[PDB]
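J.: Below: one structure in structure tokens.
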Amino acid sequence: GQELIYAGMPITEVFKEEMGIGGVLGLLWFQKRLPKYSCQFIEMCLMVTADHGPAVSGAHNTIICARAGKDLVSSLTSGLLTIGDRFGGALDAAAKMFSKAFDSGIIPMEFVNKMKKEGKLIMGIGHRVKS
Amino acid sequence: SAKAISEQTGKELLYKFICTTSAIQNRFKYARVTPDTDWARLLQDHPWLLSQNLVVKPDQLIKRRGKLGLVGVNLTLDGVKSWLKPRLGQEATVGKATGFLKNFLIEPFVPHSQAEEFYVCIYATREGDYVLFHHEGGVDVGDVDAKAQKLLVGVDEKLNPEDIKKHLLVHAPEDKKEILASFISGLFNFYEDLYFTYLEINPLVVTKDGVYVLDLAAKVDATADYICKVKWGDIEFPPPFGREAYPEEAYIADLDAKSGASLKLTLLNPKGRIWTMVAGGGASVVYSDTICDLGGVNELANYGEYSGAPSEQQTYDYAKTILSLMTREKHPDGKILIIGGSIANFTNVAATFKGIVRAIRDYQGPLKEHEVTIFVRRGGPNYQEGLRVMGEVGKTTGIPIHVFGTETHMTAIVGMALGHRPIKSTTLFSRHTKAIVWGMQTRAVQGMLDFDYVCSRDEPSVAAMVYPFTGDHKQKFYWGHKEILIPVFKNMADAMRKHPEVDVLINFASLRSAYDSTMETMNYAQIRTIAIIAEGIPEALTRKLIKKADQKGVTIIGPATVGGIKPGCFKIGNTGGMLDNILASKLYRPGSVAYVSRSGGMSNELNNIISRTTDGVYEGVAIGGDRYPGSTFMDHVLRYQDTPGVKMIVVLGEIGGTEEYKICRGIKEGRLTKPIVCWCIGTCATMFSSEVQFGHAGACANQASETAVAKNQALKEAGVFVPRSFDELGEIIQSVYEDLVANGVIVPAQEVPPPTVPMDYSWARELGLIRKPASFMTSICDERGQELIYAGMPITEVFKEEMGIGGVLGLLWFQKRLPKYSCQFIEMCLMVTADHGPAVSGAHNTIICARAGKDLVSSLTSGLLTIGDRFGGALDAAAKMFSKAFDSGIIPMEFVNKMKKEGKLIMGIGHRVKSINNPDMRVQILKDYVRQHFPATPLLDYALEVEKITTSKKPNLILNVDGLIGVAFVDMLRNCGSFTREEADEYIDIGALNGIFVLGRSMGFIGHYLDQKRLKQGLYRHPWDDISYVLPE
Amino acid sequence: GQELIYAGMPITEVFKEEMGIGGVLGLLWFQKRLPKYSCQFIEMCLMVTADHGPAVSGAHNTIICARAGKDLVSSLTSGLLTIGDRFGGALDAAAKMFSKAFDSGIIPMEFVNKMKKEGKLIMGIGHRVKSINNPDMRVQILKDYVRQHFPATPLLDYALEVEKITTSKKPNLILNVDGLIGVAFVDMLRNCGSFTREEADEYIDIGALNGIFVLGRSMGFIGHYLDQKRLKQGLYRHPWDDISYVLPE
Ligand SMILES: CC(C)(COP(=O)(O)OP(=O)(O)OC[C@H]1O[C@@H](n2cnc3c(N)ncnc32)[C@H](O)[C@@H]1OP(=O)(O)O)[C@@H](O)C(=O)NCCC(=O)NCCS
Ligand SMILES: CC(C)(COP(=O)(O)OP(=O)(O)OC[C@H]1O[C@@H](n2cnc3c(N)ncnc32)[C@H](O)[C@@H]1OP(=O)(O)O)[C@@H](O)C(=O)NCCC(=O)NCCS
Ligand SMILES: CC(C)(COP(=O)(O)OP(=O)(O)OC[C@H]1O[C@@H](n2cnc3c(N)ncnc32)[C@H](O)[C@@H]1OP(=O)(O)O)[C@@H](O)C(=O)NCCC(=O)NCCS
Ligand SMILES: Nc1ncnc2c1ncn2[C@@H]1O[C@H](COP(=O)(O)OP(=O)(O)O)[C@@H](O)[C@H]1O
Ligand SMILES: [Mg+2]
Ligand SMILES: [Mg+2]
């Protein structure tokens, strides 16, 4: 077009309506004009997940790669490719687990015990130091 | 179709599987004798042959053997051998059939009285299976239908044993009723379980000792093979007495059995000069009728058909069989090949004709030697291209081929070749009909939509598709020039629920699952009409479909049909084909003529004929070719009688069954008042010496009344407009029509032009009307062909030439057939670069990745992405640096000093531990191979001179493996003789050397991934004590 | 060390013993000195999987990427990342499927019917053009090799029985190259005598078969990258007339 359109909304309208990164993500991922608290929450998640030091599987790989004299894209992707199972997968895993448990109609205690019997740990539960 | 089995086959099955309280005697006591019998072995296997007297008779589907002196009764083995001496191998003429007596059965003689002989018969009909019994059995029973007690076991009914005693055994001796009732009960269950359609035991003997099955004649429903294979085993279906069995027939039968397509071949006269290769069960019979009407009966070599969209390969295998058969011996007047057919509904004429053309090319020498002339007539999908390739093969081979299309009357080529001429619910569909299509049939759906658009329908006729193998999704289609979406459902229940407007289902399920999916459809009350496409559904299953449909008021069109068409309203699947044919035959608007045919191909020929002779088709239905059509000729004729828009009816009948007589009855009763035109195909069968099963499963006359000749006569007598032959059908339709216009019965509507649909891109390019530029360009591999090609070399040749990995790389990377030493050197490089431990950047990243629980590709690429500069780059760097220096003309010492001045180190020089006196083995291995096999190594020589200098500074400044591979690879490209300097230089520049490292090391990295997984290594996190955190304040 | 060691074997010994690429792969992937027929068969697989034209998901991506002026590694990996499910996954899928079916003890007919009921198609069965009477040459090359050199082929034997069934429905439901490599590789791991059942099963599971395809096809992909560079091919932009834009209102 004569203007860039994000999920039916023109780029000028996107700015005029003060959508923000959260709002833009709403259009491009979900094709929705989300409530402003929802946009703000998305932005908030992107901020707390921004980084967690250079020791983690992904950061380490990017660093190695950067240090092996590679480009931004190569270095970034080399790190991103670790994201998925044992690294960064927990968000999806936790959401899926709890959603299943909830929707199954089992009470939290039944769920806790079900996991123990099945020999599974709860995703999204536990911390190395935080009490 | 129902096929006869030998007496031995039937008895073996009976003895194996019958379940009765009755003690059946002489179980498996039979011995088969042929002219090749090893009597010593026969006697070893059948010692009972010496235990009592015997009976001997041929087992060749010969009826009334006793009356022919062909049953030798109460003989010793010596007597049997003497009886066989003048008979075994002898020719015999039984009626109009003449064959050789080559297969006999020997069984124990069963002494009994004439009073101990009984007659039992079970046979299938639409309404169920009749069970016949007579107490006066044997070689003199006479008319069993009139005499014998008869009992109908309904379609899903069970045979009540009390009914056997009550209705059937009325005249049976009292002391034998219990045993007969038990046997008959078991016999019926056997008949059902093994899919018999006819089972006669005459005589059945019952003595003080038990039950004896003296004779057995039977037919099984051969279409039930997929069910009964296990029980039947390698069941053999013999040719009728008088005909021989040929291996070419068995070959075609095996092809037929392995596909939805229909492939049929029966040899009538291998030495005949008239051969046919016609598409369709209907058209093939019409062409045979025409040939016989023109006096060619004695010279007609075969009867056969191909239909149901066979592939190019299937058509090739079919055609090569015919061509081989017609070039066995020369005929003085040469030979003729008739390649005909209707205007096809969906068979791809180009694909099938390309198969035939390939066979013609392969047999061109013999065809010319045998003076073969070919005549072609065909219409249907891509027929234009089909006709072109036929014409072209004639030109290139010099074989005379005369090619015709839709403008030539179907059977006209026969006269040319022979020198006679020079060269329930009344309304099923409306303009509102919505259908569900079962099966992934996107082409048929698009064809329906193209028809709907030109018919000026408000909405598409297909509301949804059901396909159980995929998940629910939407499929793209075209409504004019507009792209639309049609939903596809995994489950039928979802499609029905979401589309309550649907009252029609078109079932494209294969024969294997059509029964269950049709029964499933009938659980949805919304569905009032079901079209069943599949050919080959067992008759017993179709009867169950009929029972349920009748009780639910559902109209079934099919099985074994293309469907039907209602101009202006609705088109069933492929019926009527593509837009070109819909427009040509004016199928976009209704006329006044309604028709019904068994044949799909012929229904589209009727569309053509009717469009040319009248105001056009009002509605047409193809009932299908099966013995029990879901809806009959009468069912549709009555709908047409009750449809005011219909002014005349056309019926294309067929040999087999007595359906057409219902029309005679309806006229006589005054129910049918509209003019009816009818022609029954299959008049040729009357002239054949043995029974012939035509293409349609139902096209076989089991009684005199079922012949086409008989039916045509009866219809003509009843007042139906019957032509002299199929050739005069068009003439009679036009005559009836013209009389109806004259009498003001019909008022032809003024013609309105229909909506215009764009040509699909596909056809447009094919006819070269448009040109569209390719966005891409490749030169290394071609997968489009009959074989995979790597840079001009076919995959088989790659293997034949023992190219190896190195050779394949030469092809795909350089598009060159490299010298074997060069290939081997490449393989050598991949081997030395395979791995170098887990400590290096890439291996480390792959390992971290595999430990982070990732897949092989993610883990491998995570490590590959470290390749390039500081890691893995040295091969390219060394090659480039040394090549530049060499080519500049500077001597090695000048180069060493230049680099020092420029503040650069020499790439490919240096090692942490390997000294000049302590060499790197990888370097040695390669250096030695290179020196021993390469014709020239100028750059390696230069590099070794540089090494001489550097090692005199520090002993570890040796030429390392990256330098050695780098310069040797340059020497290979430059001096192997496959590349110009320009080419060699380009390949180095574009990074072929980086490719070597990457490809080589990928093996090590995948190795590490597998290792970490097998070593069950947990998530890695780098220790904090190895990280200096220098953050702001 | 003073010498490079591949799974306990020094690099000179590797060359001296004429191990070849197949032999090297034996050591690095499985840590086994495989029979020479097994090595040669591996090399053969890597050759038939080398390439299959520029139309396939992966090749296309590599080409686009090369044309967008990127490096060998970026272009290769951009293509490799498509390998896995609907592209190149079939070898693993077929091997796993047939191995399960075989080991379950169900006869080929039971298996064929089980799949139909479960609403699943057989992985490694079917071809767009190759018929039972018009064979896939890659399948021929390998089938013939294996029949000649594999001492035992139980799973291939089972698969060919399943092929017998499927081809008698529709003639193009042949055992394709992904099915043929899949089952032959299983037969190799199980019957070459270098692996315990447990070992053979672990290797299939951890996706050694995906490795074969990835490694093999990497040659074709690098081939394409080089080709595009040499063909001095410009930046690609997909044409708008091939895209249906179904945006909200
Ligand atoms: C008992 C003891 C040895 C180990 O227990 P611990 O470390 O506290 O607990 P565990 O490691 O067994 O884990 C506790 C529970 O959390 C559960 N759990 C852990 N992580 C979980 C997760 N992410 N999701 C769900 N459940 C989780 C475990 O399944 C376990 O369940 P259970 O108690 O129902 O079996 C320890 O508590 C102890 O030393 N106690 C002192 C006893 C003492 O004084 N001894 C006498 C010396 S004189
Ligand atoms: C002088 C000394 C300190 C360091 O020198 P070194 O390690 O031999 O040499 P360098 O590290 O400087 O490298 C040697 C040369 O190889 C060159 N070089 C290194 N790697 C190279 C490569 N890959 N390609 C090309 N040139 C390379 C360097 O440019 C250098 O060149 P130059 O000699 O012309 O300057 C060391 O030799 C020494 O300790 N000597 C003993 C002196 C002694 O006994 N002192 C008295 C104590 S009482
Ligand atoms: C029936 C027909 C419409 C569609 O059938 P088709 O294309 O041969 O077969 P399908 O698309 O349904 O697939 C055939 C079988 O292969 C199976 N199959 C396909 N790919 C498979 C795979 N990869 N693994 C396993 N099974 C597979 C399907 O499950 C199906 O099984 P089923 O037959 O047991 O249901 C078609 O054969 C036809 O047109 N036949 C001619 C009938 C005729 O002449 N009609 C009368 C006109 S007058
Ligand atoms: N094994 C046998 N023992 C005694 N009589 C037999 C035996 N086989 C046949 N018969 C007699 O021979 C007659 C003719 O043979 P049959 O099998 O009925 O042939 P067809 O019906 O062709 O004439 C039978 O009706 C029966 O009387
Ligand atoms: Mg008899
Ligand atoms: Mg047919």
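Residue names in the structure tokens use chain letters A, B, ... in the order shown, residue numbers from 1 in each chain, and ligand numbers from 1 in the order shown.
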If you run DSSP on this backbone, which residues of region 47-83 of chain A come out as helix (DSSP H, G or I), and could you give them as a list in words?

T.: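 Put together, the selection reads residues 47, 48, 57, 58, 59, 60, 61, 62, 63, 64, 65, 66, 67, 72, 73, 74, 75, 76, 77, 78, 79 and 80 of chain A.
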
J.: Which residues of chain B are close to chain A, meaning at most 9 Å apart when you count only C-alpha atoms, and how do they look as number ranges by chain?

T.: B: 841-842, 844-846, 848-854, 858-859, 861-871, 1018-1024, 1027

J.: What would the file look like if the residues just selected were written as a compact mmCIF listing (two decimals), in the first residue's frame with N, CA, C and O atoms?

T.:
# COMPACT_ATOMS: atom_id res chain seq x y z
N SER B 841 36.09 -24.01 19.35
CA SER B 841 34.86 -23.20 19.39
C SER B 841 33.55 -23.88 18.93
O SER B 841 32.58 -23.93 19.68
N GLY B 842 33.56 -24.40 17.72
CA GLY B 842 32.38 -25.03 17.17
C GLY B 842 31.94 -26.29 17.89
O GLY B 842 30.74 -26.48 18.12
N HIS B 844 32.60 -27.17 20.92
CA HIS B 844 32.16 -26.72 22.22
C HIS B 844 30.70 -26.24 22.19
O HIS B 844 29.88 -26.72 22.96
N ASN B 845 30.38 -25.36 21.23
CA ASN B 845 29.00 -24.84 21.06
C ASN B 845 28.00 -25.94 20.76
O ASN B 845 26.93 -25.95 21.36
N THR B 846 28.35 -26.90 19.87
CA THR B 846 27.50 -28.04 19.54
C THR B 846 27.23 -28.83 20.81
O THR B 846 26.06 -29.15 21.09
N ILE B 848 27.42 -27.81 24.06
CA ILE B 848 26.59 -27.01 24.96
C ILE B 848 25.14 -27.17 24.58
O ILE B 848 24.25 -27.37 25.44
N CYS B 849 24.91 -27.07 23.28
CA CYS B 849 23.62 -27.15 22.63
C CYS B 849 22.88 -28.44 22.82
O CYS B 849 21.68 -28.41 23.12
N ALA B 850 23.60 -29.60 22.57
CA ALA B 850 23.13 -30.97 22.77
C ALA B 850 22.81 -31.13 24.27
O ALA B 850 21.75 -31.66 24.60
N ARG B 851 23.66 -30.56 25.17
CA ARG B 851 23.44 -30.57 26.63
C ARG B 851 22.25 -29.71 27.07
O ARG B 851 21.65 -29.96 28.11
N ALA B 852 21.89 -28.72 26.24
CA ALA B 852 20.74 -27.87 26.51
C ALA B 852 19.42 -28.50 25.99
O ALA B 852 18.39 -27.79 25.89
N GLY B 853 19.50 -29.79 25.64
CA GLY B 853 18.42 -30.65 25.16
C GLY B 853 17.89 -30.37 23.78
O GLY B 853 16.74 -30.71 23.52
N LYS B 854 18.70 -29.78 22.90
CA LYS B 854 18.30 -29.44 21.53
C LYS B 854 18.46 -30.61 20.54
O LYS B 854 19.04 -31.64 20.88
N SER B 858 19.78 -28.16 15.21
CA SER B 858 20.04 -26.97 16.01
C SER B 858 21.42 -27.04 16.60
O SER B 858 22.18 -26.07 16.48
N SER B 859 21.81 -28.22 17.12
CA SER B 859 23.12 -28.39 17.76
C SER B 859 24.25 -28.30 16.80
O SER B 859 25.22 -27.58 17.07
N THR B 861 24.15 -26.70 13.74
CA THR B 861 24.24 -25.33 13.21
C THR B 861 24.79 -24.38 14.25
O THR B 861 25.59 -23.54 13.88
N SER B 862 24.46 -24.59 15.56
CA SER B 862 24.98 -23.74 16.65
C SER B 862 26.54 -23.75 16.60
O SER B 862 27.18 -22.70 16.70
N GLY B 863 27.11 -24.92 16.37
CA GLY B 863 28.56 -25.03 16.23
C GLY B 863 29.06 -24.54 14.89
O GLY B 863 30.11 -23.90 14.85
N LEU B 864 28.34 -24.84 13.78
CA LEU B 864 28.77 -24.40 12.44
C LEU B 864 28.88 -22.91 12.36
O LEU B 864 29.77 -22.41 11.69
N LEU B 865 28.02 -22.19 13.09
CA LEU B 865 28.00 -20.74 13.06
C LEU B 865 29.25 -20.12 13.64
O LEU B 865 29.50 -18.96 13.33
N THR B 866 30.10 -20.88 14.37
CA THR B 866 31.39 -20.32 14.85
C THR B 866 32.48 -20.30 13.73
O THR B 866 33.56 -19.66 13.90
N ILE B 867 32.21 -21.06 12.62
CA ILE B 867 33.16 -21.22 11.53
C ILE B 867 33.27 -19.96 10.71
O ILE B 867 32.26 -19.33 10.41
N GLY B 868 34.50 -19.59 10.37
CA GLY B 868 34.62 -18.46 9.50
C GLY B 868 35.87 -17.63 9.64
O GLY B 868 36.58 -17.43 8.64
N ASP B 869 36.08 -17.05 10.83
CA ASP B 869 37.26 -16.25 10.88
C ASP B 869 38.42 -16.86 11.65
O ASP B 869 39.33 -17.47 11.05
N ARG B 870 38.35 -16.72 12.96
CA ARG B 870 39.35 -17.21 13.89
C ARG B 870 39.29 -18.71 13.98
O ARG B 870 40.31 -19.34 14.28
N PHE B 871 38.12 -19.30 13.67
CA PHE B 871 37.95 -20.74 13.70
C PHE B 871 37.50 -21.26 12.34
O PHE B 871 36.48 -20.83 11.82
N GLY B 1018 23.88 -33.51 31.15
CA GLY B 1018 22.94 -32.50 31.65
C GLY B 1018 23.21 -31.08 31.22
O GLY B 1018 24.26 -30.78 30.64
N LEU B 1019 22.26 -30.19 31.51
CA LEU B 1019 22.39 -28.79 31.12
C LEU B 1019 23.68 -28.14 31.60
O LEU B 1019 23.99 -28.26 32.79
N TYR B 1020 24.41 -27.45 30.70
CA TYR B 1020 25.61 -26.76 31.12
C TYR B 1020 25.34 -25.30 31.51
O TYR B 1020 24.53 -24.60 30.89
N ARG B 1021 26.05 -24.83 32.52
CA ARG B 1021 26.04 -23.43 32.93
C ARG B 1021 27.49 -23.15 33.26
O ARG B 1021 28.12 -23.90 34.02
N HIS B 1022 28.05 -22.10 32.64
CA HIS B 1022 29.44 -21.74 32.85
C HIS B 1022 29.70 -21.25 34.29
O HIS B 1022 28.90 -20.47 34.82
N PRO B 1023 30.80 -21.72 34.93
CA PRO B 1023 31.08 -21.30 36.32
C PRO B 1023 31.44 -19.83 36.47
O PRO B 1023 32.20 -19.28 35.68
N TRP B 1024 30.90 -19.22 37.52
CA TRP B 1024 31.12 -17.82 37.78
C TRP B 1024 32.55 -17.45 38.02
O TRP B 1024 32.94 -16.32 37.71
N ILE B 1027 34.49 -16.09 35.05
CA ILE B 1027 33.92 -14.90 34.40
C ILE B 1027 34.28 -13.67 35.20
O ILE B 1027 33.96 -13.60 36.40

J.: Within 6 Å of ligand 3, counting only C-alpha atoms and all ligand atoms, which protein or nucleic acid residues do you find, written as a list in words?

T.: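 If we count only C-alpha atoms and all ligand atoms, the neighbours of ligand 3 turn out to be residues 260, 261, 308, 508, 509, 510, 512, 513, 533, 534, 535, 560, 561, 562, 599 and 600 of chain B; 116, 121, 122, 125, 126, 169 and 170 of chain C.
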
J.: Output the neighbourhood of ligand 6 as a PyMOL selection string, that is, all protein and nucleic acid residues with some atom at most 6 Å from the ligand, counting only C-alpha atoms and all ligand atoms.

T.: chain B and resi 262+280-281+307-308

J.: Output N, CA, C and O atoms for every residue in that selection, as a PDB file, in the first residue's frame.

T.:
ATOM      1  N   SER B 262      -9.557 -49.921 -14.129  1.00  0.00           N
ATOM      2  CA  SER B 262     -10.074 -51.128 -14.728  1.00  0.00           C
ATOM      3  C   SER B 262      -9.237 -51.467 -15.940  1.00  0.00           C
ATOM      4  O   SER B 262      -9.065 -50.633 -16.828  1.00  0.00           O
ATOM      5  N   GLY B 280     -13.201 -47.907 -21.640  1.00  0.00           N
ATOM      6  CA  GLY B 280     -14.550 -48.057 -21.092  1.00  0.00           C
ATOM      7  C   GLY B 280     -15.235 -49.395 -21.280  1.00  0.00           C
ATOM      8  O   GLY B 280     -15.159 -49.972 -22.365  1.00  0.00           O
ATOM      9  N   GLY B 281     -15.936 -49.860 -20.229  1.00  0.00           N
ATOM     10  CA  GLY B 281     -16.730 -51.088 -20.258  1.00  0.00           C
ATOM     11  C   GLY B 281     -17.873 -50.988 -21.252  1.00  0.00           C
ATOM     12  O   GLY B 281     -18.211 -51.967 -21.930  1.00  0.00           O
ATOM     13  N   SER B 307     -10.003 -48.302 -18.213  1.00  0.00           N
ATOM     14  CA  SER B 307     -10.797 -47.142 -17.765  1.00  0.00           C
ATOM     15  C   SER B 307     -10.489 -46.836 -16.295  1.00  0.00           C
ATOM     16  O   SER B 307      -9.684 -47.529 -15.666  1.00  0.00           O
ATOM     17  N   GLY B 308     -11.111 -45.809 -15.756  1.00  0.00           N
ATOM     18  CA  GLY B 308     -10.886 -45.433 -14.368  1.00  0.00           C
ATOM     19  C   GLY B 308      -9.560 -44.741 -14.149  1.00  0.00           C
ATOM     20  O   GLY B 308      -8.921 -44.936 -13.118  1.00  0.00           O
TER      21      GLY B 308
END

J.: Ligand 5: which residues are within 10 Å, counting only C-alpha atoms and all ligand atoms, as a PDB file with N, CA, C and O atoms, in the first residue's frame?

T.:
ATOM      1  N   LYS B  63     -20.857 -78.798 -18.210  1.00  0.00           N
ATOM      2  CA  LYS B  63     -22.125 -79.186 -17.586  1.00  0.00           C
ATOM      3  C   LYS B  63     -22.630 -80.462 -18.245  1.00  0.00           C
ATOM      4  O   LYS B  63     -22.276 -80.740 -19.401  1.00  0.00           O
ATOM      5  N   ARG B  64     -23.456 -81.237 -17.521  1.00  0.00           N
ATOM      6  CA  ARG B  64     -24.085 -82.466 -18.019  1.00  0.00           C
ATOM      7  C   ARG B  64     -23.081 -83.532 -18.502  1.00  0.00           C
ATOM      8  O   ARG B  64     -23.331 -84.219 -19.499  1.00  0.00           O
ATOM      9  N   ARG B  65     -21.966 -83.691 -17.764  1.00  0.00           N
ATOM     10  CA  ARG B  65     -20.908 -84.656 -18.101  1.00  0.00           C
ATOM     11  C   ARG B  65     -21.401 -86.092 -18.264  1.00  0.00           C
ATOM     12  O   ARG B  65     -20.994 -86.789 -19.194  1.00  0.00           O
ATOM     13  N   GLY B  66     -22.262 -86.530 -17.359  1.00  0.00           N
ATOM     14  CA  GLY B  66     -22.786 -87.886 -17.408  1.00  0.00           C
ATOM     15  C   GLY B  66     -23.484 -88.168 -18.711  1.00  0.00           C
ATOM     16  O   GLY B  66     -23.214 -89.192 -19.342  1.00  0.00           O
ATOM     17  N   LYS B  67     -24.329 -87.212 -19.148  1.00  0.00           N
ATOM     18  CA  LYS B  67     -25.052 -87.295 -20.413  1.00  0.00           C
ATOM     19  C   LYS B  67     -24.126 -87.243 -21.634  1.00  0.00           C
ATOM     20  O   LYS B  67     -24.546 -87.580 -22.745  1.00  0.00           O
ATOM     21  N   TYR B 119     -30.981 -82.676  -4.416  1.00  0.00           N
ATOM     22  CA  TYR B 119     -30.530 -81.489  -5.127  1.00  0.00           C
ATOM     23  C   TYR B 119     -30.545 -80.324  -4.154  1.00  0.00           C
ATOM     24  O   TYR B 119     -31.549 -80.137  -3.469  1.00  0.00           O
ATOM     25  N   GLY B 137     -32.969 -85.729  -6.863  1.00  0.00           N
ATOM     26  CA  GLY B 137     -31.757 -85.117  -7.397  1.00  0.00           C
ATOM     27  C   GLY B 137     -31.109 -85.940  -8.498  1.00  0.00           C
ATOM     28  O   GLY B 137     -31.631 -86.985  -8.907  1.00  0.00           O
ATOM     29  N   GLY B 138     -29.974 -85.457  -8.995  1.00  0.00           N
ATOM     30  CA  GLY B 138     -29.188 -86.183  -9.990  1.00  0.00           C
ATOM     31  C   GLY B 138     -29.112 -85.697 -11.415  1.00  0.00           C
ATOM     32  O   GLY B 138     -29.274 -84.505 -11.681  1.00  0.00           O
ATOM     33  N   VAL B 139     -28.718 -86.600 -12.328  1.00  0.00           N
ATOM     34  CA  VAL B 139     -28.502 -86.185 -13.710  1.00  0.00           C
ATOM     35  C   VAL B 139     -29.848 -85.913 -14.440  1.00  0.00           C
ATOM     36  O   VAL B 139     -29.852 -85.341 -15.531  1.00  0.00           O
ATOM     37  N   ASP B 140     -30.972 -86.237 -13.794  1.00  0.00           N
ATOM     38  CA  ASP B 140     -32.290 -86.004 -14.361  1.00  0.00           C
ATOM     39  C   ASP B 140     -33.192 -85.220 -13.390  1.00  0.00           C
ATOM     40  O   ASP B 140     -34.179 -85.749 -12.865  1.00  0.00           O
ATOM     41  N   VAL B 141     -32.852 -83.957 -13.150  1.00  0.00           N
ATOM     42  CA  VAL B 141     -33.687 -83.139 -12.272  1.00  0.00           C
ATOM     43  C   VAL B 141     -34.630 -82.286 -13.105  1.00  0.00           C
ATOM     44  O   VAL B 141     -35.784 -82.094 -12.723  1.00  0.00           O
ATOM     45  N   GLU B 200     -24.202 -74.972  -6.245  1.00  0.00           N
ATOM     46  CA  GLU B 200     -25.097 -76.059  -6.575  1.00  0.00           C
ATOM     47  C   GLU B 200     -24.431 -77.399  -6.291  1.00  0.00           C
ATOM     48  O   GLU B 200     -23.293 -77.640  -6.723  1.00  0.00           O
ATOM     49  N   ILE B 201     -25.153 -78.274  -5.578  1.00  0.00           N
ATOM     50  CA  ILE B 201     -24.684 -79.624  -5.292  1.00  0.00           C
ATOM     51  C   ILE B 201     -25.727 -80.560  -5.880  1.00  0.00           C
ATOM     52  O   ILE B 201     -26.833 -80.667  -5.344  1.00  0.00           O
ATOM     53  N   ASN B 202     -25.390 -81.195  -7.007  1.00  0.00           N
ATOM     54  CA  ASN B 202     -26.314 -82.067  -7.707  1.00  0.00           C
ATOM     55  C   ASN B 202     -25.609 -83.285  -8.308  1.00  0.00           C
ATOM     56  O   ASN B 202     -25.023 -83.187  -9.388  1.00  0.00           O
ATOM     57  N   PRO B 203     -25.668 -84.455  -7.654  1.00  0.00           N
ATOM     58  CA  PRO B 203     -26.413 -84.768  -6.438  1.00  0.00           C
ATOM     59  C   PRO B 203     -25.680 -84.627  -5.115  1.00  0.00           C
ATOM     60  O   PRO B 203     -24.458 -84.803  -5.032  1.00  0.00           O
ATOM     61  N   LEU B 204     -26.456 -84.325  -4.071  1.00  0.00           N
ATOM     62  CA  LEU B 204     -26.049 -84.433  -2.680  1.00  0.00           C
ATOM     63  C   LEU B 204     -26.590 -85.816  -2.282  1.00  0.00           C
ATOM     64  O   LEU B 204     -27.771 -86.088  -2.498  1.00  0.00           O
ATOM     65  N   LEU B 214     -21.266 -85.297  -4.074  1.00  0.00           N
ATOM     66  CA  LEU B 214     -20.837 -85.949  -5.309  1.00  0.00           C
ATOM     67  C   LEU B 214     -20.443 -85.013  -6.419  1.00  0.00           C
ATOM     68  O   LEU B 214     -19.551 -85.342  -7.195  1.00  0.00           O
ATOM     69  N   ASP B 215     -21.120 -83.871  -6.519  1.00  0.00           N
ATOM     70  CA  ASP B 215     -20.866 -82.866  -7.543  1.00  0.00           C
ATOM     71  C   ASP B 215     -20.972 -81.491  -6.932  1.00  0.00           C
ATOM     72  O   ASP B 215     -21.716 -81.297  -5.970  1.00  0.00           O
ATOM     73  N   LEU B 216     -20.217 -80.541  -7.466  1.00  0.00           N
ATOM     74  CA  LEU B 216     -20.284 -79.175  -6.993  1.00  0.00           C
ATOM     75  C   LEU B 216     -19.978 -78.230  -8.144  1.00  0.00           C
ATOM     76  O   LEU B 216     -19.014 -78.439  -8.888  1.00  0.00           O
ATOM     77  N   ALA B 217     -20.841 -77.212  -8.301  1.00  0.00           N
ATOM     78  CA  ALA B 217     -20.669 -76.133  -9.257  1.00  0.00           C
ATOM     79  C   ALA B 217     -20.881 -74.862  -8.482  1.00  0.00           C
ATOM     80  O   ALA B 217     -21.777 -74.794  -7.640  1.00  0.00           O
TER      81      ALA B 217
END
